[PDB]
Amino acid sequence: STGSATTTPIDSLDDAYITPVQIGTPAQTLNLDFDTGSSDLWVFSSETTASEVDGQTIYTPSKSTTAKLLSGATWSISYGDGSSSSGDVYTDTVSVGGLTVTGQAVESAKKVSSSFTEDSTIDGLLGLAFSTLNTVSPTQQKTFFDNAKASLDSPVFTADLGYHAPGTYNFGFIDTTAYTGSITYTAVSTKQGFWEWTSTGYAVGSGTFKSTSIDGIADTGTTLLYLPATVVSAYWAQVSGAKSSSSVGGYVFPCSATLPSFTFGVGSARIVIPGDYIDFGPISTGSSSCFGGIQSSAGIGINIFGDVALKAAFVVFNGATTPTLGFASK
Ligand SMILES: Cc1nc(N)sc1Cc1ccc(C#N)cc1
């Protein structure tokens, strides 16, 4: 089997991407944030504290004839931005782009933190990291991909995120028309439960490539590109007037600047992030100071190839017995 679904930026900055997901019988379609950095499929629901729902579409398990409460199971997750959610667990039928899993754990939120409430465009998350990170207790549950994988034509999914544009998540096949050149595959460590890999280095604009190992994670659920302080300093030094602002929480730059590209290495291959992908717009409405899309990972303890990087590539998440990651230009 295969599935294919369009993924859409939630806003004009590409802060996150939503993909429609059918849950239950009859289907309840929710727009979920596919997150290769976590491993829980959780949704706003009829059980979510009413004051914490503000415009999201909710899953109502009592209206799904295939929903079954998973006895005694709860979940609770925290994300790197300080946000969180928690609740109970149903199993139900879940379909993405024509690919159907029965018995998928659907984590129904009883509580969500303010950032989720305040974002009406995201109805929940669909985790695509390794199932070892799933938070359901006392019996950990499998991700949608893990449940689907044996049925897929090939045990893979691909992320083709758009810059200010629609994109695609495919399951079970590689669309060879969706990229240029070849896909370069690189080794993955699952030791932290992530799609963790080692980039071979970077370049800033038209500058010389610096060969250096940068271990980080391919994370569709993180907006920005978080890299070591030395690398990030080298990037922003090429932007006149850019500064690291303690009050804002990272590098900012004059909105009138033209940003250089940023290149990262995948083996001998190179993925070029155009400068405008690094512009996250005014720090507050009407400001002429803009937020940068490349930020230091020093405070977070891991490098993160988030959407800024991934949307410059066609990315293969290869879930073969030994997982690998593939990157192609597009
Ligand atoms: C921080 C984080 N990192 C992940 N890999 S998920 C996640 C939680 C999250 C989900 C949606 C949005 C938006 N808009 C922002 C943060």
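First listed ligand is number 1; within each ligand, the first listed atom is number 1. For the single chain, residues carry numbers from 1 onward in sequence order. Note that these values count all heavy atoms, side chains included, but never hydrogens, waters or copies made by symmetry.
- Taking every non-hydrogen atom of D35 and a distance limit under 4.0 Å, the qualifying atoms of ligand 1 come out as 4 (C), 5 (N), 6 (S).
- Contact check for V21 versus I23: side-chain heavy atoms found under the 4.5 Å cut-off.
- Residue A16 has at least one heavy-atom neighbour below 4.0 Å for each of these atoms of ligand 1: 13 (C), 14 (N).
- Residue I10 approaches ligand 1 through these ligand atoms, each under 4.0 Å from one of its heavy atoms: 14 (N).
- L152 has its side chain within reach of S1: a pair of non-hydrogen atoms, C-beta onward, lies under 4.5 Å apart.
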Begin from the C-alpha positions of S86 and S76 and carry the test side chain to side chain donor-acceptor pair (under 3.5 Å) through to its verdict.
CA-CA 4 Å; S86 59; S76 178; 4.7 Å; no
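- Linking ILVMFWY side-chain heavy atoms closer than 4.5 Å, directly or via other members, places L225 and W197 in a single hydrophobic cluster.
- Remark: minimum distance from atom 12 (C) of ligand 1 to any protein heavy atom is reached at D33 OD2, 4.3 Å.
- Ranking the protein heavy atoms by distance from atom 2 (C) of ligand 1 puts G221 O, 3.7 Å first.
- Between the side chains of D40 and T135, at least one donor N or O sits under 3.5 Å from an acceptor N or O.
- Taking any N or O of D219, backbone or side chain, at least one lies under 3.5 Å from an N or O belonging to ligand 1.
- Considering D160, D14, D15, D276 in turn, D14 is the only one that fulfils the salt bridge (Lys or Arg N to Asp or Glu O under 4.0 Å) rule with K311.
- Distance CG/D33 to OG1/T220: 7.0 Å, rounded to 0.5 Å.
- Atoms of ligand 1 lying under 4.0 Å from at least one heavy atom of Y79, given by number and element, are 1 (C), 2 (C), 6 (S), 7 (C), 8 (C).
- Atom 16 (C) of ligand 1 has its closest protein heavy atom at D81 OD2, 3.4 Å.
- Less than 4.0 angstrom separates some heavy atom of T222 from each of these atoms of ligand 1: 3 (N), 5 (N).
- Contact atoms of ligand 1 toward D119: 14 (N) (distance under 4.0 Å to a heavy atom of the residue).
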